[PDB]
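*Asks:* Contents of structure38.cif (mmCIF, C-alpha atoms and all ligand atoms) are below:
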```cif
data_my_file
#
loop_
_atom_site.label_atom_id
_atom_site.label_comp_id
_atom_site.auth_asym_id
_atom_site.auth_seq_id
_atom_site.Cartn_x
_atom_site.Cartn_y
_atom_site.Cartn_z
CA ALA D 1 -1.44 -16.61 -7.60
CA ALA D 2 -3.13 -14.27 -5.15
CA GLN D 3 -1.73 -11.61 -2.82
CA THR D 4 -4.10 -10.94 0.07
CA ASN D 5 -4.40 -7.51 1.71
CA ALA D 6 -2.62 -5.98 -1.25
CA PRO D 7 -2.23 -2.25 -1.86
CA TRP D 8 -5.46 -1.02 -3.40
CA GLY D 9 -3.83 -0.23 -6.76
CA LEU D 10 -2.68 -3.80 -7.33
CA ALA D 11 -6.09 -5.17 -6.40
CA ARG D 12 -7.70 -2.64 -8.74
CA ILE D 13 -5.76 -3.75 -11.80
CA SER D 14 -6.91 -7.37 -11.33
CA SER D 15 -10.61 -6.61 -10.73
CA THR D 16 -13.51 -5.30 -12.77
CA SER D 17 -14.84 -3.39 -9.73
CA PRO D 18 -13.35 -1.09 -7.08
CA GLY D 19 -13.07 -1.92 -3.41
CA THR D 20 -11.38 -5.32 -3.46
CA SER D 21 -8.19 -6.11 -1.55
CA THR D 22 -6.72 -9.18 -3.30
CA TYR D 23 -4.27 -8.96 -6.21
CA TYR D 24 -4.72 -11.93 -8.58
CA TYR D 25 -1.89 -12.59 -11.04
CA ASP D 26 -0.17 -15.29 -13.06
CA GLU D 27 2.78 -16.77 -11.16
CA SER D 28 5.17 -16.03 -14.05
CA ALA D 29 5.08 -12.47 -12.67
CA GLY D 30 7.15 -10.78 -15.35
CA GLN D 31 10.10 -13.19 -15.17
CA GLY D 32 12.41 -12.76 -18.15
CA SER D 33 11.36 -9.14 -18.82
CA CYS D 34 13.30 -6.01 -17.90
CA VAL D 35 12.10 -2.58 -16.80
CA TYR D 36 14.29 0.52 -16.83
CA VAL D 37 13.20 3.08 -14.25
CA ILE D 38 14.45 6.47 -15.44
CA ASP D 39 14.20 8.66 -12.36
CA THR D 40 16.15 9.66 -9.21
CA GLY D 41 17.75 6.22 -8.87
CA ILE D 42 16.83 3.04 -7.02
CA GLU D 43 17.86 1.85 -3.56
CA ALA D 44 18.83 -1.53 -4.97
CA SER D 45 19.71 -2.96 -1.55
CA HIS D 46 16.10 -2.61 -0.35
CA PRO D 47 15.00 -6.12 0.75
CA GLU D 48 11.79 -5.73 -1.25
CA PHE D 49 13.73 -6.03 -4.53
CA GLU D 50 15.24 -9.40 -3.57
CA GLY D 51 18.41 -8.69 -5.55
CA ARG D 52 16.47 -8.04 -8.79
CA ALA D 53 17.37 -4.31 -8.99
CA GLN D 54 20.62 -2.69 -10.06
CA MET D 55 21.80 0.78 -10.97
CA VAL D 56 23.27 0.89 -14.47
CA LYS D 57 23.80 4.61 -15.13
CA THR D 58 23.96 7.92 -13.31
CA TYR D 59 24.39 11.46 -14.60
CA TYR D 60 25.38 12.84 -11.19
CA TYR D 61 28.11 12.41 -8.60
CA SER D 62 26.49 9.30 -7.12
CA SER D 63 24.16 6.59 -8.32
CA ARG D 64 22.28 6.46 -5.01
CA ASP D 65 18.65 7.52 -4.71
CA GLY D 66 18.85 10.38 -2.23
CA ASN D 67 15.24 11.40 -2.89
CA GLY D 68 12.95 8.34 -2.72
CA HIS D 69 10.84 8.97 -5.83
CA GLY D 70 12.68 6.51 -8.07
CA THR D 71 12.72 3.82 -5.39
CA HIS D 72 8.96 4.27 -4.93
CA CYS D 73 8.29 3.96 -8.67
CA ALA D 74 10.55 0.91 -9.00
CA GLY D 75 8.69 -0.71 -6.10
CA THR D 76 5.37 -0.39 -7.90
CA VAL D 77 6.87 -1.98 -11.01
CA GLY D 78 8.43 -4.96 -9.33
CA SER D 79 8.90 -5.16 -5.57
CA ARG D 80 7.72 -8.32 -3.82
CA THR D 81 4.94 -6.72 -1.78
CA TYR D 82 4.13 -3.53 -3.69
CA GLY D 83 4.87 -4.48 -7.30
CA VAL D 84 2.86 -5.50 -10.33
CA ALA D 85 5.49 -7.75 -11.91
CA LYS D 86 7.09 -9.37 -8.90
CA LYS D 87 9.84 -11.27 -10.79
CA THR D 88 10.96 -8.70 -13.37
CA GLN D 89 14.50 -7.30 -13.53
CA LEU D 90 14.81 -3.63 -12.61
CA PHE D 91 17.48 -1.31 -14.01
CA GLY D 92 17.93 2.19 -12.60
CA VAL D 93 18.96 5.22 -14.63
CA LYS D 94 19.49 8.35 -12.52
CA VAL D 95 18.61 11.37 -14.67
CA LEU D 96 17.11 13.40 -11.80
CA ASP D 97 19.09 14.86 -8.92
CA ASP D 98 18.16 14.21 -5.30
CA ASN D 99 15.87 17.26 -5.34
CA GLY D 100 13.92 15.57 -8.15
CA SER D 101 15.09 18.06 -10.80
CA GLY D 102 17.01 17.60 -14.02
CA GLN D 103 17.84 19.30 -17.30
CA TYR D 104 16.17 18.14 -20.48
CA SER D 105 19.55 17.37 -22.08
CA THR D 106 20.27 14.85 -19.32
CA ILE D 107 16.85 13.22 -19.62
CA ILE D 108 17.33 12.87 -23.39
CA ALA D 109 20.76 11.30 -22.86
CA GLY D 110 19.23 8.82 -20.42
CA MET D 111 16.64 7.72 -22.96
CA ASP D 112 19.25 7.29 -25.71
CA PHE D 113 21.33 5.30 -23.20
CA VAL D 114 18.51 2.81 -22.57
CA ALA D 115 17.99 2.29 -26.31
CA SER D 116 21.62 1.15 -26.56
CA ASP D 117 22.10 -0.51 -23.16
CA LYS D 118 19.22 -2.97 -23.69
CA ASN D 119 21.39 -4.67 -26.33
CA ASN D 120 23.82 -5.65 -23.52
CA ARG D 121 21.16 -7.25 -21.30
CA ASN D 122 19.46 -10.65 -21.21
CA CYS D 123 15.77 -9.70 -21.43
CA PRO D 124 14.24 -12.53 -23.48
CA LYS D 125 10.62 -11.49 -22.89
CA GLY D 126 11.17 -7.80 -23.71
CA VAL D 127 12.06 -4.38 -22.36
CA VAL D 128 10.00 -1.60 -20.77
CA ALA D 129 10.97 1.92 -19.72
CA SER D 130 9.07 3.84 -17.05
CA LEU D 131 9.33 7.67 -17.08
CA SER D 132 7.58 9.27 -14.11
CA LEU D 133 8.72 12.76 -15.03
CA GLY D 134 7.90 15.65 -17.29
CA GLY D 135 7.90 19.36 -17.88
CA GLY D 136 6.83 21.89 -20.44
CA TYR D 137 6.56 21.01 -24.09
CA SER D 138 9.82 20.21 -25.87
CA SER D 139 10.01 18.72 -29.35
CA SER D 140 13.49 17.32 -28.60
CA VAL D 141 12.24 15.49 -25.50
CA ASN D 142 9.30 14.06 -27.44
CA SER D 143 11.66 12.93 -30.21
CA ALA D 144 13.88 11.15 -27.68
CA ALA D 145 10.89 9.27 -26.30
CA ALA D 146 9.76 8.33 -29.81
CA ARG D 147 13.27 7.05 -30.58
CA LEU D 148 13.26 4.89 -27.46
CA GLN D 149 9.91 3.39 -28.41
CA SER D 150 11.00 2.82 -32.02
CA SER D 151 14.12 0.98 -30.79
CA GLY D 152 11.92 -1.78 -29.36
CA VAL D 153 11.18 -0.59 -25.79
CA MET D 154 7.68 -0.18 -24.37
CA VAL D 155 7.75 3.44 -23.14
CA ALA D 156 5.28 4.52 -20.44
CA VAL D 157 5.24 8.18 -19.37
CA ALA D 158 3.33 10.17 -16.77
CA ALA D 159 0.62 12.53 -18.03
CA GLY D 160 1.54 15.19 -15.44
CA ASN D 161 -0.08 16.63 -12.32
CA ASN D 162 -1.37 20.03 -13.51
CA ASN D 163 -5.10 19.22 -13.92
CA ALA D 164 -4.58 20.41 -17.49
CA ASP D 165 -4.42 19.13 -21.05
CA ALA D 166 -1.29 17.02 -21.41
CA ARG D 167 -0.69 18.34 -24.94
CA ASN D 168 1.44 21.09 -23.36
CA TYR D 169 3.81 18.76 -21.48
CA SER D 170 6.66 16.47 -22.49
CA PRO D 171 7.20 13.61 -22.97
CA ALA D 172 3.48 13.18 -22.15
CA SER D 173 2.47 14.77 -25.46
CA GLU D 174 4.44 12.38 -27.69
CA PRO D 175 1.74 10.28 -29.39
CA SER D 176 3.82 7.15 -30.01
CA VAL D 177 4.45 6.35 -26.32
CA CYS D 178 1.96 5.26 -23.63
CA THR D 179 0.76 8.29 -21.68
CA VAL D 180 -0.71 7.42 -18.28
CA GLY D 181 -3.23 9.35 -16.18
CA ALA D 182 -4.11 8.74 -12.53
CA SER D 183 -7.23 7.50 -10.75
CA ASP D 184 -8.13 7.06 -7.06
CA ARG D 185 -9.61 4.17 -5.10
CA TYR D 186 -13.20 5.28 -5.78
CA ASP D 187 -12.67 5.21 -9.58
CA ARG D 188 -12.47 8.98 -9.93
CA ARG D 189 -9.88 10.72 -12.04
CA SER D 190 -7.31 11.93 -9.54
CA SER D 191 -7.90 15.60 -8.88
CA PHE D 192 -4.39 16.54 -10.07
CA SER D 193 -4.26 14.27 -13.12
CA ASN D 194 -3.74 15.81 -16.51
CA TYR D 195 -6.18 14.75 -19.22
CA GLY D 196 -6.71 15.15 -22.95
CA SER D 197 -6.78 13.25 -26.19
CA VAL D 198 -3.11 12.22 -25.90
CA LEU D 199 -3.79 10.05 -22.85
CA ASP D 200 -3.81 6.34 -23.64
CA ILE D 201 -4.78 4.79 -20.30
CA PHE D 202 -5.39 5.42 -16.60
CA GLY D 203 -3.88 3.63 -13.65
CA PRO D 204 -4.00 3.94 -9.86
CA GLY D 205 -2.22 7.09 -8.71
CA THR D 206 -3.71 8.44 -5.47
CA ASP D 207 -2.36 7.16 -2.13
CA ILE D 208 -0.03 4.48 -3.51
CA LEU D 209 2.00 2.50 -0.97
CA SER D 210 5.45 1.41 -2.14
CA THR D 211 9.14 1.24 -1.21
CA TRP D 212 11.12 4.25 0.00
CA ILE D 213 14.75 4.90 0.79
CA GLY D 214 16.27 3.79 4.07
CA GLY D 215 14.60 0.39 3.69
CA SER D 216 11.21 1.93 4.44
CA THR D 217 7.82 2.40 2.77
CA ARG D 218 5.42 5.26 2.27
CA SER D 219 2.28 6.34 0.45
CA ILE D 220 2.38 9.18 -2.10
CA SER D 221 0.22 10.39 -5.00
CA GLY D 222 0.86 11.38 -8.60
CA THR D 223 0.67 10.37 -12.21
CA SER D 224 4.25 9.36 -11.39
CA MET D 225 2.62 6.57 -9.35
CA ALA D 226 0.19 5.44 -12.07
CA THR D 227 2.91 5.11 -14.72
CA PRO D 228 4.78 2.22 -13.04
CA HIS D 229 1.52 0.26 -12.69
CA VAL D 230 1.22 0.34 -16.48
CA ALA D 231 4.93 -0.32 -17.02
CA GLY D 232 4.72 -3.33 -14.70
CA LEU D 233 1.55 -4.56 -16.41
CA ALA D 234 3.27 -4.36 -19.79
CA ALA D 235 6.21 -6.43 -18.54
CA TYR D 236 3.75 -8.91 -17.06
CA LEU D 237 1.83 -9.24 -20.35
CA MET D 238 4.97 -9.51 -22.48
CA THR D 239 6.21 -12.39 -20.32
CA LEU D 240 2.85 -14.12 -20.87
CA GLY D 241 3.32 -13.67 -24.63
CA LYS D 242 0.09 -11.69 -25.02
CA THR D 243 1.71 -8.67 -26.69
CA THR D 244 4.98 -7.07 -27.78
CA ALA D 245 6.73 -3.82 -26.91
CA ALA D 246 5.45 -2.19 -30.10
CA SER D 247 1.78 -2.93 -29.39
CA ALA D 248 1.58 -3.26 -25.59
CA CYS D 249 0.00 0.17 -25.06
CA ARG D 250 -2.71 -0.60 -27.62
CA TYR D 251 -3.27 -4.07 -26.13
CA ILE D 252 -3.63 -2.60 -22.63
CA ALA D 253 -6.18 -0.07 -23.90
CA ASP D 254 -8.09 -2.76 -25.82
CA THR D 255 -8.35 -5.03 -22.76
CA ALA D 256 -8.91 -2.25 -20.20
CA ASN D 257 -11.92 -1.76 -17.97
CA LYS D 258 -14.03 0.70 -19.96
CA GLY D 259 -16.38 3.39 -18.69
CA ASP D 260 -15.71 2.91 -14.97
CA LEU D 261 -14.09 6.25 -14.14
CA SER D 262 -15.80 9.48 -13.15
CA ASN D 263 -14.71 13.09 -13.71
CA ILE D 264 -13.32 12.25 -17.15
CA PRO D 265 -13.67 15.28 -19.47
CA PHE D 266 -15.14 14.81 -22.92
CA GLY D 267 -12.39 13.80 -25.33
CA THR D 268 -10.35 11.83 -22.80
CA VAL D 269 -10.40 8.03 -22.79
CA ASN D 270 -12.30 6.28 -20.00
CA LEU D 271 -9.99 3.26 -19.75
CA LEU D 272 -8.45 1.71 -16.63
CA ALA D 273 -5.57 -0.76 -16.81
CA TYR D 274 -6.67 -4.36 -16.20
CA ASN D 275 -4.75 -7.65 -16.29
CA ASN D 276 -7.74 -9.85 -17.30
CA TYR D 277 -6.52 -12.62 -15.02
CA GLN D 278 -8.62 -15.76 -14.82
CA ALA D 279 -7.71 -18.52 -12.38
CA CA L 301 0.02 7.18 -27.19
#
```
Represent the structure of the file as structure tokens.
Ligand SMILES: [Ca+2]
*Replies:*
Amino acid sequence: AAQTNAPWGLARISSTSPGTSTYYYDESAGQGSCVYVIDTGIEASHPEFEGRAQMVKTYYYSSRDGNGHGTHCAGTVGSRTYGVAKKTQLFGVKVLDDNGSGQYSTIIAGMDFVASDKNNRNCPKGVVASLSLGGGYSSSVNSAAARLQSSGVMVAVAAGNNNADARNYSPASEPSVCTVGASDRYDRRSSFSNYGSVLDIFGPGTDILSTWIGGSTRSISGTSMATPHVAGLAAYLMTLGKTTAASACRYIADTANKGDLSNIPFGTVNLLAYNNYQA
């Protein structure tokens, strides 16, 4: 399948070179996989989700996304126009308030919830969790992310936007999950992207067009935007049977475009997510 005039990030993950505008992908498109988006919520009624999104848990008064961030991330995972895995099932877990903030105890609870809730869902091709959030180092937050991964969920987390070593942020610094940095359309490390030896992979994160609340769209930047590209790619590859939740991060790194990025500091991987599609 091919999506013409796609957002640059989708085109980038199906090409060996920058500057293309077509997203090439297998028509299976993540069908039978499930992605939990642990964030500010999802506007499930947005037409771009085609009924494939639902809120399953909130830690606040409402389950609605009053911010936009979670809806944007969910759109990059699996919306029709802006998503990597256009047929995956999306589940929203609202651990962040509508200002985008949240206590670590609530974020931990949300991760433990996903590890249990997945046993109630029909996700024959596997389960992914996308965490476009983070703060200062916390061993308890890292442990919660490691638990979620150990339970059989592919966990993808944002490296952070401090132009610093991600070893000082959580859950970015947990080695057993998939820690995602950001690049821009010219194959530079995004100027805000954290770096360091704990990064596993880069994905598109500057000027990413996706869904927004009120049935709208908008373009924003962040490692929060790169993470759902990798989460969606994992769901896509699990549906194709190429990998499992336990090894998807390693498989993505092994099959990545290598050496293409600039402004990568010594000691950080130079690996860009790639779907290796061949018509
Ligand atoms: Ca890792």
*Asks:* Skipping near chain neighbours, those fewer than 2 positions away, what residues fall within 10 Å of residue 229 of chain D using only C-alpha atoms, listed as a VMD selection string?
*Replies:* chain D and resid 9 to 10 13 73 to 78 83 to 85 130 156 180 202 to 205 224 to 227 231 to 234 273
*Asks:* Counting all atoms listed in the file, which residues of chain D sit at most 10 Å from some atom of ligand CA 301 (chain L), and what is each one's closest atom pair with its distance in Å to one decimal, listed by chain and rising residue number, as a tab-separated table?
*Replies:*
```
residue	atom	partner	partner_atom	distance
D:155	CA	L:CA301	CA	9.5
D:156	CA	L:CA301	CA	9.0
D:157	CA	L:CA301	CA	9.5
D:172	CA	L:CA301	CA	8.6
D:173	CA	L:CA301	CA	8.2
D:174	CA	L:CA301	CA	6.8
D:175	CA	L:CA301	CA	4.2
D:176	CA	L:CA301	CA	4.7
D:177	CA	L:CA301	CA	4.6
D:178	CA	L:CA301	CA	4.5
D:179	CA	L:CA301	CA	5.7
D:180	CA	L:CA301	CA	8.9
D:197	CA	L:CA301	CA	9.2
D:198	CA	L:CA301	CA	6.1
D:199	CA	L:CA301	CA	6.4
D:200	CA	L:CA301	CA	5.3
D:201	CA	L:CA301	CA	8.7
D:249	CA	L:CA301	CA	7.3
D:250	CA	L:CA301	CA	8.3
```
*Asks:* Using C-alpha atoms, can you export the residues from the last selection as a PDB file, in the coordinates of the input?
*Replies:*
```
ATOM      1  CA  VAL D 155       7.750   3.440 -23.140  1.00  0.00           C
ATOM      2  CA  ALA D 156       5.280   4.520 -20.440  1.00  0.00           C
ATOM      3  CA  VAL D 157       5.240   8.180 -19.370  1.00  0.00           C
ATOM      4  CA  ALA D 172       3.480  13.180 -22.150  1.00  0.00           C
ATOM      5  CA  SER D 173       2.470  14.770 -25.460  1.00  0.00           C
ATOM      6  CA  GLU D 174       4.440  12.380 -27.690  1.00  0.00           C
ATOM      7  CA  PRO D 175       1.740  10.280 -29.390  1.00  0.00           C
ATOM      8  CA  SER D 176       3.820   7.150 -30.010  1.00  0.00           C
ATOM      9  CA  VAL D 177       4.450   6.350 -26.320  1.00  0.00           C
ATOM     10  CA  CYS D 178       1.960   5.260 -23.630  1.00  0.00           C
ATOM     11  CA  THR D 179       0.760   8.290 -21.680  1.00  0.00           C
ATOM     12  CA  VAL D 180      -0.710   7.420 -18.280  1.00  0.00           C
ATOM     13  CA  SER D 197      -6.780  13.250 -26.190  1.00  0.00           C
ATOM     14  CA  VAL D 198      -3.110  12.220 -25.900  1.00  0.00           C
ATOM     15  CA  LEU D 199      -3.790  10.050 -22.850  1.00  0.00           C
ATOM     16  CA  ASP D 200      -3.810   6.340 -23.640  1.00  0.00           C
ATOM     17  CA  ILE D 201      -4.780   4.790 -20.300  1.00  0.00           C
ATOM     18  CA  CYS D 249       0.000   0.170 -25.060  1.00  0.00           C
ATOM     19  CA  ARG D 250      -2.710  -0.600 -27.620  1.00  0.00           C
TER      20      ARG D 250
END
```
*Asks:* Please measure the separation of atom CA of residue 15 of chain D and atom CA of residue 1 of chain D, giving the value in Å to one decimal.
*Replies:*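 According to the coordinates, atom CA of residue 15 of chain D and atom CA of residue 1 of chain D are separated by 13.9 Å.
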*Asks:* May I have the residues within 10 Å of segment 145-152 of chain D as a VMD selection string, using only C-alpha atoms and disregarding those fewer than 4 positions away in the same chain?
*Replies:* chain D and resid 107 to 108 111 to 116 118 126 to 129 131 139 to 141 156 to 157 170 to 172 174 to 178 244 to 246
*Asks:* Residues within 10 Å of residue 104 of chain D, please, as a list in words. Count all atoms listed in the file; anything in the same chain fewer than 5 positions from it doesn't count.
*Replies:*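 My reading of the contact set: residues 95, 96, 109, 110, 134, 135, 138, 140, 141 and 170 of chain D.
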*Asks:* In Å, how far is it from atom CA of residue 42 of chain D to atom CA of residue 54 of chain D?
*Replies:*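 It comes out at 7.5 Å.
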*Asks:* Do you have the atom CA of residue 16 of chain D-atom CA of residue 256 of chain D distance handy?
*Replies:* 9.3 Å
*Asks:* Pick the closest to residue 98 of chain D from D:11, D:213, D:158, D:272: which is it, counting only C-alpha atoms?
*Replies:*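 For residue 98 of chain D, the nearest of the candidates is D:213.
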*Asks:* Which one is closest to residue 52 of chain D: D:5, D:88, D:28, D:262? Count all atoms listed in the file.
*Replies:* D:88
*Asks:* Which of these residues is nearest to residue 39 of chain D, using only C-alpha atoms: D:63, D:243, D:132, D:183?
*Replies:*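 Residue with the minimum atom-to-atom distance to residue 39 of chain D: D:132.
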*Asks:* Nearest to residue 124 of chain D among D:230, D:264, D:269, D:34, with distances taken over only C-alpha atoms: which residue is it?
*Replies:*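 Closest residue, counting only C-alpha atoms: D:34.
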*Asks:* Do a neighbour search on residue 80 of chain D at 7 Å with only C-alpha atoms, toss out local chain neighbours closer than 5 positions, and write the hits as an MDAnalysis selection string.
*Replies:* chainID D and resid 48:49 86
*Asks:* Just want the 8 Å neighbourhood of residue 209 of chain D, counted on all atoms listed in the file, with same-chain residues fewer than 5 positions away dropped. Output as a list in words.
*Replies:* residues 7, 82, 217, 218, 219 and 220 of chain D
*Asks:* Which one of D:167, D:87, D:12, D:94 sits closest to residue 68 of chain D if you count all atoms listed in the file?
*Replies:*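 Closest to residue 68 of chain D of all the choices is D:94.
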*Asks:* For residue 228 of chain D, which residue among D:14, D:255, D:71, D:62 is the nearest when counting all atoms listed in the file?
*Replies:*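 The shortest atom-to-atom distance to residue 228 of chain D comes from D:71.
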*Asks:* Please rebuild segment 220-232 of chain D with N, CA, C and O atoms and return the result as a PDB file, in the frame of the given file.
*Replies:*
```pdb
ATOM      1  N   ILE D 220       2.368   7.879  -1.432  1.00  0.00           N
ATOM      2  CA  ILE D 220       2.380   9.180  -2.100  1.00  0.00           C
ATOM      3  C   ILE D 220       1.464   9.092  -3.319  1.00  0.00           C
ATOM      4  O   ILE D 220       1.016   8.015  -3.715  1.00  0.00           O
ATOM      5  N   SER D 221       1.172  10.260  -3.901  1.00  0.00           N
ATOM      6  CA  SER D 221       0.220  10.390  -5.000  1.00  0.00           C
ATOM      7  C   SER D 221       0.849  11.093  -6.201  1.00  0.00           C
ATOM      8  O   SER D 221       1.706  11.963  -6.051  1.00  0.00           O
ATOM      9  N   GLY D 222       0.385  10.742  -7.388  1.00  0.00           N
ATOM     10  CA  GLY D 222       0.860  11.380  -8.600  1.00  0.00           C
ATOM     11  C   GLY D 222       0.603  10.526  -9.818  1.00  0.00           C
ATOM     12  O   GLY D 222       0.406   9.317  -9.730  1.00  0.00           O
ATOM     13  N   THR D 223       0.624  11.170 -10.995  1.00  0.00           N
ATOM     14  CA  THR D 223       0.670  10.370 -12.210  1.00  0.00           C
ATOM     15  C   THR D 223       1.997   9.629 -12.287  1.00  0.00           C
ATOM     16  O   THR D 223       2.088   8.614 -12.977  1.00  0.00           O
ATOM     17  N   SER D 224       3.007  10.114 -11.553  1.00  0.00           N
ATOM     18  CA  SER D 224       4.250   9.360 -11.390  1.00  0.00           C
ATOM     19  C   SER D 224       3.999   7.984 -10.792  1.00  0.00           C
ATOM     20  O   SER D 224       4.777   7.058 -11.027  1.00  0.00           O
ATOM     21  N   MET D 225       2.943   7.843  -9.989  1.00  0.00           N
ATOM     22  CA  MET D 225       2.620   6.570  -9.350  1.00  0.00           C
ATOM     23  C   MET D 225       1.782   5.667 -10.250  1.00  0.00           C
ATOM     24  O   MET D 225       1.842   4.444 -10.116  1.00  0.00           O
ATOM     25  N   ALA D 226       0.991   6.242 -11.155  1.00  0.00           N
ATOM     26  CA  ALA D 226       0.190   5.440 -12.070  1.00  0.00           C
ATOM     27  C   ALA D 226       1.062   4.816 -13.145  1.00  0.00           C
ATOM     28  O   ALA D 226       0.831   3.675 -13.552  1.00  0.00           O
ATOM     29  N   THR D 227       2.057   5.559 -13.618  1.00  0.00           N
ATOM     30  CA  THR D 227       2.910   5.110 -14.720  1.00  0.00           C
ATOM     31  C   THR D 227       3.560   3.763 -14.435  1.00  0.00           C
ATOM     32  O   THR D 227       3.510   2.879 -15.304  1.00  0.00           O
ATOM     33  N   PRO D 228       4.154   3.526 -13.269  1.00  0.00           N
ATOM     34  CA  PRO D 228       4.780   2.220 -13.040  1.00  0.00           C
ATOM     35  C   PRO D 228       3.786   1.072 -12.960  1.00  0.00           C
ATOM     36  O   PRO D 228       4.187  -0.071 -13.197  1.00  0.00           O
ATOM     37  N   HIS D 229       2.522   1.322 -12.601  1.00  0.00           N
ATOM     38  CA  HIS D 229       1.520   0.260 -12.690  1.00  0.00           C
ATOM     39  C   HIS D 229       1.392  -0.229 -14.117  1.00  0.00           C
ATOM     40  O   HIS D 229       1.298  -1.435 -14.359  1.00  0.00           O
ATOM     41  N   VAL D 230       1.348   0.704 -15.076  1.00  0.00           N
ATOM     42  CA  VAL D 230       1.220   0.340 -16.480  1.00  0.00           C
ATOM     43  C   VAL D 230       2.513  -0.275 -17.004  1.00  0.00           C
ATOM     44  O   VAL D 230       2.488  -1.252 -17.758  1.00  0.00           O
ATOM     45  N   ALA D 231       3.662   0.278 -16.618  1.00  0.00           N
ATOM     46  CA  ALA D 231       4.930  -0.320 -17.020  1.00  0.00           C
ATOM     47  C   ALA D 231       5.032  -1.757 -16.516  1.00  0.00           C
ATOM     48  O   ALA D 231       5.422  -2.665 -17.256  1.00  0.00           O
ATOM     49  N   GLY D 232       4.695  -1.976 -15.245  1.00  0.00           N
ATOM     50  CA  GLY D 232       4.720  -3.330 -14.700  1.00  0.00           C
ATOM     51  C   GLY D 232       3.738  -4.249 -15.397  1.00  0.00           C
ATOM     52  O   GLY D 232       4.042  -5.415 -15.652  1.00  0.00           O
TER      53      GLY D 232
END
```
